[PDB]
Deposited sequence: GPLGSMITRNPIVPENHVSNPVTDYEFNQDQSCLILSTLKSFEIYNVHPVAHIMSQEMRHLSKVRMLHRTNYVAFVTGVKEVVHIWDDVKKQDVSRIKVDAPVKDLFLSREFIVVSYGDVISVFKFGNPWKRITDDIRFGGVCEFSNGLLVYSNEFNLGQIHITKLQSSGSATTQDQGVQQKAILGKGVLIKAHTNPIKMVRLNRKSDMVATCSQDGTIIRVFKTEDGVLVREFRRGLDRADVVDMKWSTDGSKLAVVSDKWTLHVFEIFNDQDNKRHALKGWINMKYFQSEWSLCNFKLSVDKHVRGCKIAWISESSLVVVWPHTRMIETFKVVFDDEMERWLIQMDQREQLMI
């Protein structure tokens, strides 16, 4: 009866921070291990910075973001915005915060003030590896990519409102998808040109999460029908150059559809989930409602000439 009120992975997906009505916890994702507990109430949102002693959170007062010290159990800063905090990102340099239809970037360090003018967006925004991607305020199907040093690429990604956007590890590509959309798109963050397009076809369900494999080769998507799908941006393996006794020159082009579709096992109390690749072939799925973390492996079966997803582990995040 101590429900998770928020959970999120750290910038490199090696840790997961989570909050309850009574505290916030931090774990290592692989191998799964509880590395810290800290009492605190009213936790509404929680974030962590790499593997440092700093974390950020929102409590009762929705418009305040606390930068807190792990080892010193002390507030090292407070930052307030005009509306309840929506999105929240952290880097050794910046603190990205959105509320209402504004995105504010403060400095991560004294004097903890705006390093740049406030930006107006349409609800969607992601920040990773020094790159900021946000929904346009008037055209919800359009995104803007901007570098945060202290030009700007503009992409009309979809016709309908964007569901979510996702940057790959290096931030050189961004994946997008719209609301109840049959199409997922991948663009280069440098020039915004369309690099890949995938059709979801069969799976009609709303997308719950979308994450990139560590080398940027595969894209995993989980729908609310609770089906895991993997799309291929570029072939990852060291493949055979021939087939049919040397008669065929094997080519590996990217399919327009999912490589494999795995049906997840969940009880009727599912809220949602968040996924994260922990390698080029493995990823984890975290279920906030049962505080369980499952580790999956994506493998190619030559006998079948088909990719398969297998669940290697199911464990619970200890409180």
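Unmodelled regions of the deposited chain, listed from N- to C-terminal end, are 1 to 18, 169 to 186.
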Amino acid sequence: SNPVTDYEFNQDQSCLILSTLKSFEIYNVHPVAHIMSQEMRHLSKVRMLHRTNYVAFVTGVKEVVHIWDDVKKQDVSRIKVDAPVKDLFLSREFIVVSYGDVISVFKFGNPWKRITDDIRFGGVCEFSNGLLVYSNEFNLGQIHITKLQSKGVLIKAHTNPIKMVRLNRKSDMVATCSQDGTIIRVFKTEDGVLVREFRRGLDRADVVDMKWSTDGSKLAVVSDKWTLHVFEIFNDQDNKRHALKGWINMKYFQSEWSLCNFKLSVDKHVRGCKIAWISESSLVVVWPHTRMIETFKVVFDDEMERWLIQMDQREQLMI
From here on, numbers count along this sequence of modelled residues.
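Two stretches are in play, 75 to 83 and 127 to 135, and the higher mean C-alpha B-factor belongs to 75 to 83. Higher mean CA temperature factor, per the PDB entry, when comparing 286 to 294 with 31 to 39: 31 to 39.
When the C-alpha B-factors of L167, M164, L219, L148 are ranked from the entry, the top spot goes to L148. Across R92, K188, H144, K211, the greatest Cα temperature factor reported in the deposited entry is at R92. Residue-level temperature factors show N239 in the middle third of its chain, judged at the C-alpha atom. When the CA B factors of the chain's modelled residues are split into thirds, the value for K251 lands in the lowest one. Placement of the Cα temperature factor of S258 within the chain: lowest third of the modelled residues, per the deposited record.
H229: CA B factor in the lowest third of modelled residues in this chain (values from the PDB entry).
When the CA B factors of the chain's modelled residues are split into thirds, the value for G100 lands in the middle one.
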